[PDB]
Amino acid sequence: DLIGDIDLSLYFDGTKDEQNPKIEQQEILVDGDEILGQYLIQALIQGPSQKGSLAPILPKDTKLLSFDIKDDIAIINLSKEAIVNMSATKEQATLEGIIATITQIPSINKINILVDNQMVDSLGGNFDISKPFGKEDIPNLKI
């Protein structure tokens, strides 16, 4: 029950002489799980339906820099906008929301949040996000 590795081609600008515009392919190999996970994180950042009563878990201006799956860990690389001052209850909902959403992909059991391609102590908040973590690890990461 999956998509598996996907052969995709990206066309970038391969023009040098500027007389004739030309595009060249760059092939990439990704498993469906990264594409799906990436879509999910992007969906969380977009926020809940305005027709509902739910509240967002990440700032609207947050940008997903990259998403990668190393073994059973989802490396979620966010921009600086994700770091804001939050209450311990709100920050805990954010981390539980990301985990509950991402762990829907069976291959993923833990998440490792990074900011600007670098490791960070916390998004909010009172939670330590220095290393990878799963649902079980949340209460133990309070500071």
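A residue's number is simply how far along the shown sequence it sits, counting from 1.
Please compare 41-49 with 91-99 and name the stretch with the higher mean C-alpha B-factor in the deposited structure.
The stretch with the larger mean CA B-factor is 91-99.
Open item on the list: Quick check: 65-73 versus 78-86, which has the larger average CA B-factor in the record?
Closed with: Per the PDB record, 78-86.
Within-chain third of residue 26 by Cα B-factor, per the entry
Its C-alpha B-factor belongs to the lowest third of this chain's values.
Taking the C-alpha B-factors as the PDB entry records them, is residue 107 in the lowest, middle or highest third of its chain? Answer is middle: the recorded C-alpha B-factor places it there.
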